[PDB]
Amino acid sequence: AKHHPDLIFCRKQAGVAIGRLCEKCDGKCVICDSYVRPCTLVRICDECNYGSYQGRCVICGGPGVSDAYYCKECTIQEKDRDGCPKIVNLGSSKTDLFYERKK
Amino acid sequence: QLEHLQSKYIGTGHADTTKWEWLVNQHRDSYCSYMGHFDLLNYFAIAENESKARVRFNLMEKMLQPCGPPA
Amino acid sequence: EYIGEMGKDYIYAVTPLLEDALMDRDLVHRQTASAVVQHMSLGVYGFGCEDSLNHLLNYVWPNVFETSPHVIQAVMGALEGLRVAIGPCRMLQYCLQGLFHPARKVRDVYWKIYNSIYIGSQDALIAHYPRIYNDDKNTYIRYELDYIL
Amino acid sequence: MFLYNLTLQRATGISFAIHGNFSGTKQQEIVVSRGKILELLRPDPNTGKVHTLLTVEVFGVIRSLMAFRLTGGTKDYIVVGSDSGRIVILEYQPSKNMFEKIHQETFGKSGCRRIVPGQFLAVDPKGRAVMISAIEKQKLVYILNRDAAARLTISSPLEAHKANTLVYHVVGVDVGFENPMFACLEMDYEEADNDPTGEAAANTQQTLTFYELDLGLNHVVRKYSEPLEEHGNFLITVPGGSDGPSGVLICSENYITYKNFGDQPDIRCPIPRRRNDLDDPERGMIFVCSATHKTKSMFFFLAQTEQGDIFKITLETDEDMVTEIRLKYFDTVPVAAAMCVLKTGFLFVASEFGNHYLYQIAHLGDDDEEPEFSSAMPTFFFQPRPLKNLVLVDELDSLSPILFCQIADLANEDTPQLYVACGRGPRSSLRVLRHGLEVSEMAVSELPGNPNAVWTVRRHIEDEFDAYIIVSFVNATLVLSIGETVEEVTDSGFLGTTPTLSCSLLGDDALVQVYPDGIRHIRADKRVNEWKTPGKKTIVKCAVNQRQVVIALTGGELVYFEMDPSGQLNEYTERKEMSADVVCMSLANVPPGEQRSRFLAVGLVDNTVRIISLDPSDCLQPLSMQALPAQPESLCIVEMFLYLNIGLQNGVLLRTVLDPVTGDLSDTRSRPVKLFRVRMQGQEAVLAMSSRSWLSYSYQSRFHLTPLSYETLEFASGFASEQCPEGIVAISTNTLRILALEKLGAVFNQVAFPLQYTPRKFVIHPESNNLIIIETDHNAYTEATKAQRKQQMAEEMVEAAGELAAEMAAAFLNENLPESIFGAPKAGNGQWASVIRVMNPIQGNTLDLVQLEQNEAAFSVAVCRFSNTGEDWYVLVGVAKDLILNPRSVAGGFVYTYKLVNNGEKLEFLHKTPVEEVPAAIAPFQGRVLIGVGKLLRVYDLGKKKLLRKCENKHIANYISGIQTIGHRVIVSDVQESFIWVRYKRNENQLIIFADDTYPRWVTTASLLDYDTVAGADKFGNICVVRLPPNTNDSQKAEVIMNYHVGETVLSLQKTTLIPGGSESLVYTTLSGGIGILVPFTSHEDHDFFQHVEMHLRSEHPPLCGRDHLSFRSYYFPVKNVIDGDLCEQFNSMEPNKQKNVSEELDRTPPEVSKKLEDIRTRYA
RNA sequence: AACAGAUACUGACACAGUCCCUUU
RNA sequence: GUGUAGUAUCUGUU
Ligand SMILES: [Zn+2]
Ligand SMILES: [Zn+2]
Ligand SMILES: [Zn+2]
């Protein structure tokens, strides 16, 4: 997601695994969050696709439902040839929201 | 973060970058491009009577220490 | 963004409005105009509409010396889109003047722009580099390109 | 303004020529790689000829190519590394005749980058892993494996990166079922970039490193790293495991070394030097390529030298320890960039510049007259000699280094020819390329009469040669037969008194005589079924068949005959007559699938053809009708799914799909047209005759229409004999001719004339149509200098006190090595040689020759005339002196003037004029000339002692490359800037520039399309068109209106017309041997249609090697107003499902799209 | 220039989420 | 309605 500067990409060398998206993140681009013209499949590194993490959401980590894709603009800009777009951080909004809810 | 992405790649500079190393990167990339394409190598091997293997060997030799020693 | 190819017929209609928006009076107007420029340039890529895109680049370039992160991101996105649509030669010509500026706060911005240009399509930068006259001890001229059959 | 890119000839320059088993059979094929074309070749194992099966285009720069097979497998695969950041595995399909992509994986950005792999493509000898590497820091390993479904799979890449290192070569090590290992020639540069003194640049040596792939732990680790002595350039893999030892052979300058890890003392052997070599002793000596011929009995290597000598390396070893290396001289061939030795004893030599050759190894070259050399022996010499261990069987024509082209009409033909100046070094030549198929005449016999129709029916069906040759006169006949002596048979049983109209093959051995009085049947056996047609209205037309005799009378009175197994004639009681006569009619060949010929087509005066069914129930009863724009002339039916070629009274050929009713009609362009069916390349073709010969062949299910390159003929008949199995017996100008078309030679028949050096430019003398050619080479000797050097060397060798009395000097001065076979004695980086040649282009014989001195490098030529004189031609040659290329520096220059009196056949010296720099361009204008010396532009006029300078200008940015002028406007090409517009003012004598460009360009050539438009090429392979704004007065800038990327450097742009009656086009030729054109659209609807077709094909038919077509065409500048025609024409070879899908997206049927795509090509070219 | 207060604006930013090793 | 990152403009005290 491009709306949170704190998040961090893994972007290691990609493997043969295919990324997945949950219900909330379905139909989006893993780089810019765009609903227009999915173009190319998303692949992730074998460290991300291991054990419990297998078949989870690329963006937030929820249960995987549908495949991930790159939008046409990212493919034109060759932003797809950069490594696994899996997010490794947990974010500041999520933890604070959880703590506020569990107040 | 954009700066982590650009840091890893070889060839990118920053504020405290000198001219010699910039042109060294230019020359190395130019030699690699010459090696890559085919008709440009044919041009170089016709301009001077040398076999393509000799031209490739010379270009590879020039990759180490181009543009002279540093300051 | 929604219309990719059939958007070259409406660049003329919105060009004066974009020029008005990109004027140095307010930050958000320039931010959103830069976003429009980025999306339009990515859309019209490959269909030979570089004439108006050059004018839009000329109008959007003076905004890179900003400090707010959102405007910075919008301007960098617009510059990347214009680099894709126009070609690395024009962007290299633009960024080639301040790359060794005496001020420290200008070289870093020019180097960020140059790195963004360089990571994408460096093999074109090979053919688009400027001639440098060599120094007393260092050879700076690529004599191989001057061979003539 | 949109243009449409087309190609007439593809590149013929081989870069990689790997070999293996790709068809899955026991026959081996060769997969060669042009710059961007992937081609597969199959040499004939009986006649030695090489054939082509697939010529797919990949739209990318191929950087590496290797093949492998999995253990226990039979079919090999193909691995491709290219400019796209992907690795692709391919697989040949003999059934579909196409390449299928099996896998592709992305690992980085696109383009020929420094730190993106794709340069080296080492593969495991067994087939367990593959490795792709970059020039710097990047190495990735993939693991290949098979599944339960008998399909290959690929694993995730394994990284083996290393900072601040350079890679020279990477090869796979044969380890024999152990952990796969890879060896590389690494070299570090970390410290050398940190030593201001500069000694750290020295004392840095290559290190041989081994990378072992740990299959158990799934990671790659480097184990051994030993410094080397010299600098190696490439490695060789030694067959190990069960046969031979492991390790790699390292090739360096003047050395070859064997090394192996663990415990091994290395062995070094010096490379033998040529005896009595004329080269400078300063230079070194390296190998260029190699090969391997491992076999159960033993294995040996082959190696190629710079001079062109093939050695034969044999390793001598203990039980497991190697002891010595044994080098022996095998033969000498032209220098090549890749060699491959196959089974059956064949050697394929892919020359890096020029033609390609195929040799058959007759002897292995052991214990022969020549001695051997070994590392155990304590600088060896050898005597080169003509071929002994090789025999040439085939040659593949190619024009790899095309340097200058000029389309004109220097002969008396009506069609322009192409005069190319290809070639490099002593193998350079000038060729005459003209559209058409080559014709070879063998035997010509004169017939004193007017032969109108001849046939070549065989005596029997199982006979392999045509025994009957019935030459028919106007009122008489002439019978002939095939044999060593062709004569006239008298006792043949044929009544030779009435003219013959056709010769049928009714039975296995039966023939009939067709005359304008009926038909008499004369079978080979003693049986004649005579059947005359009494009356003033005799038979007019005739249609022979393998089992039928269908004829007709006046008024369209058709006659039908059928053969029964008994051997009689069946006449139907029907004589249906139409209102008009027959203009053309014939039967089709009898196919085994159906009983007989499917249908009969009869052309009529009313221009309506009728397709009469051959069933007795509806005999002589039509079933359909078809009209024609003009008078029908022939109705030949071509086989191979069939079509029907129609002849017309006007010079247009019409093809109709096989059907009783008319279907898709294809038209192609004042005399009657006659078609004859012959056997071409094992395929049934046709031969039309409209104004010249026209042979339409269905080669690989593709239809071509290319004329036979010969003078006009009239009649033809197929030829079959032991000497010439495939040919034509033709009659023209009342003589008997023999034709032979064995080699295909699709288009642009070639006739070459040899040269001495690399040609630079040539001009045409307008009065006499003669060429003035200037040649120049670097690192070369003139004749006199090399002769004097030879004399000095012989004197020194005599004085060397080798017994004071040595007889070797006579042999040495009597020893002359043919330079076109043994190469040229390269000397040094400052030497040059040049020569000026006046050549007749109709027949390539020199009419004059002028040799310059040492270090005289010609760079310009011009044929002009001056105002001060009248009828006085002149030749101006620009010459350099003491030119150093890489440390660029020159010492002066000169300009020569000649006189050219005797019809442009003599060159007598007039004077020479010193200049301060090298004159790069000379262009006459307005009775004077321009000479561009360095960055200075000057005007000169003829005098008596020298040329006098009038005007000058010193504002050109850099070196001046070329000059083009029109009217009072002259355009200046620059080495780095694009174009400069400068005007000459006569009243003031000032040259002032008024318009230039914005984008710098390394232009190599320029052509003027109009008063304001210039088309310029580029060093990097781009083509651009630039136009000056209309409101310009001769500061100001020019606007770019077109961009493109051919992918191959262009050295000639020229606008002219190729086919008579067509439209002019912008013909260009490139440095790799390709010939293409750019054409405009005749309608806006056509432009939108082609644009949409290109978009859809780009969408659903991506490039084979993983590149992006639009990104490829926008490699340096974004593409503008050019539509790629190769991608568009790729539609015609796609799968039917995709074809119908795309066509329905086009709102057309696939045949309509095919016709639309073909029409523009057949119009412009 | 630093400390503090107030008012507007951007990010198709998010809303019992849920934890998916927590070890003997 | 609330919380997570930022930004701009005003006012008071040194
Ligand atoms: Zn990852
Ligand atoms: Zn999600
Ligand atoms: Zn995207």
# chains A, B, ... in the order shown; residues from 1 in each chain; ligands from 1

$ select_by_dssp --residues "chain C" --states "alpha helix (DSSP H)" --output "PyMOL selection string"
chain C and resi 11-21+27-43+50-60+69-86+88-95+104-119+122-127

$ interface_residues --of "chain A" --to "chain F" --cutoff "7 Å" --atoms "only C-alpha atoms (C1' of nucleotides)" --output "PyMOL selection string"
chain A and resi 4+92-93+97

$ select_by_dssp --residues "chain A" --states "strand (DSSP E or B)" --output "MDAnalysis selection string"
chainID A and resid 9 17:18 20:21 29 38:41 43:44 56:57 63 66:67 69:71 87

$ residues_around --residues "residue C:100" --least-positions-apart "2" --cutoff "12 Å" --atoms "only C-alpha atoms (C1' of nucleotides)" --output "VMD selection string"
(chain B and resid 13 to 19 22) or (chain C and resid 95 to 98 102 to 111 114)

$ residues_near_ligand --ligand "ligand 1" --cutoff "7 Å" --atoms "only C-alpha atoms (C1' of nucleotides) and all ligand atoms" --output "mmCIF file with N, CA and C atoms, in the first residue's frame"
data_model
loop_
_atom_site.group_PDB
_atom_site.id
_atom_site.type_symbol
_atom_site.label_atom_id
_atom_site.label_comp_id
_atom_site.auth_asym_id
_atom_site.auth_seq_id
_atom_site.Cartn_x
_atom_site.Cartn_y
_atom_site.Cartn_z
ATOM 1 N N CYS A 10 9.317 -6.823 1.181
ATOM 2 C CA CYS A 10 10.365 -7.838 1.245
ATOM 3 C C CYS A 10 11.286 -7.742 0.034
ATOM 4 N N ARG A 11 10.698 -7.763 -1.162
ATOM 5 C CA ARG A 11 11.381 -7.597 -2.451
ATOM 6 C C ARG A 11 12.701 -8.360 -2.515
ATOM 7 N N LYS A 12 12.655 -9.614 -2.076
ATOM 8 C CA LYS A 12 13.729 -10.556 -2.337
ATOM 9 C C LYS A 12 13.535 -11.168 -3.722
ATOM 10 N N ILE A 44 6.045 -14.471 -5.192
ATOM 11 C CA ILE A 44 6.676 -14.141 -3.924
ATOM 12 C C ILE A 44 7.833 -15.099 -3.666
ATOM 13 N N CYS A 45 8.748 -14.665 -2.804
ATOM 14 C CA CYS A 45 9.923 -15.459 -2.479
ATOM 15 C C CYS A 45 9.559 -16.600 -1.536
ATOM 16 N N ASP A 46 10.344 -17.679 -1.610
ATOM 17 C CA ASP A 46 10.036 -18.895 -0.862
ATOM 18 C C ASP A 46 10.056 -18.680 0.644
ATOM 19 N N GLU A 47 10.757 -17.655 1.129
ATOM 20 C CA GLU A 47 10.709 -17.348 2.553
ATOM 21 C C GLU A 47 9.339 -16.822 2.961
ATOM 22 N N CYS A 48 8.674 -16.078 2.076
ATOM 23 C CA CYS A 48 7.318 -15.620 2.361
ATOM 24 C C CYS A 48 6.306 -16.751 2.225
ATOM 25 N N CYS A 84 9.558 -9.744 -4.597
ATOM 26 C CA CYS A 84 8.258 -10.071 -4.023
ATOM 27 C C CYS A 84 7.642 -8.827 -3.390
ATOM 28 N N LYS A 86 5.449 -8.669 -1.155
ATOM 29 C CA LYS A 86 4.868 -9.005 0.138
ATOM 30 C C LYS A 86 5.259 -7.975 1.190
#

$ residues_near_ligand --ligand "ligand 3" --cutoff "9 Å" --atoms "only C-alpha atoms (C1' of nucleotides) and all ligand atoms" --output "number ranges by chain"
A: 28-38, 69-75, 79-80

$ closest_atom_pairs --of "chain B" --to "stretch 17-35 of chain D" --cutoff "12 Å" --atoms "only C-alpha atoms" --output "CSV"
residue,atom,partner,partner_atom,distance
B:36,CA,D:35,CA,11.0
B:37,CA,D:35,CA,8.5
B:38,CA,D:35,CA,6.5
B:39,CA,D:35,CA,7.7
B:40,CA,D:35,CA,11.0
B:41,CA,D:35,CA,11.4
B:42,CA,D:35,CA,10.9

$ closest_residue --among "D:291, D:1123, D:619, D:116" --to "chain B" --atoms "only C-alpha atoms"
D:116

$ atom_distance --atom1 "atom CA of residue D:36" --atom2 "atom CA of residue D:99"
15.0 Å
